[PDB]
């Protein structure tokens, strides 16, 4: 992960960072078992809650932290540690983590011309999920 790739990803992310709700929707759609861990959304129709105030509040927190991480590449270890601390006890699995990744990338491919940032994003996400998977 070198500066050229970091700048590419951060330029790419800047285009979509104002749409937290959309990104969280894509994740929940890729894997409903992630959605079922939120007491506030479990048992509800994703298409119906996507435009409510609770969804936006959650989305802003979750994508807000992801935004922190993208902004500080590559010095992400401390934040990954915090992530593991809050999520390890919720029983998040590797399967779910990989569906989060798949959902995010599906979002990016449907909303931007992703072809030019694809390798840089690959490097970033392989590094990030690489660290998470070493810790939980």
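Numbering follows the first chain given and starts at 1.
Sorting 50, 61, 68, 101 by the CA temperature factor given in the entry leaves 50 at the top.
Residue 123: CA B factor lies in the middle third for its chain, per the PDB record. In this PDB entry, the Cα temperature factor of residue 86 sits in the top third of its chain's modelled residues, the highest group. Remark: residue 79 belongs to the lowest third of its chain, ranked by C-alpha B-factor as recorded. In the PDB entry, residue 56 places in the highest third of its chain by CA B-factor.
In the PDB entry, a CA B factor belonging to the lowest third of its chain's modelled residues is recorded for residue 26.
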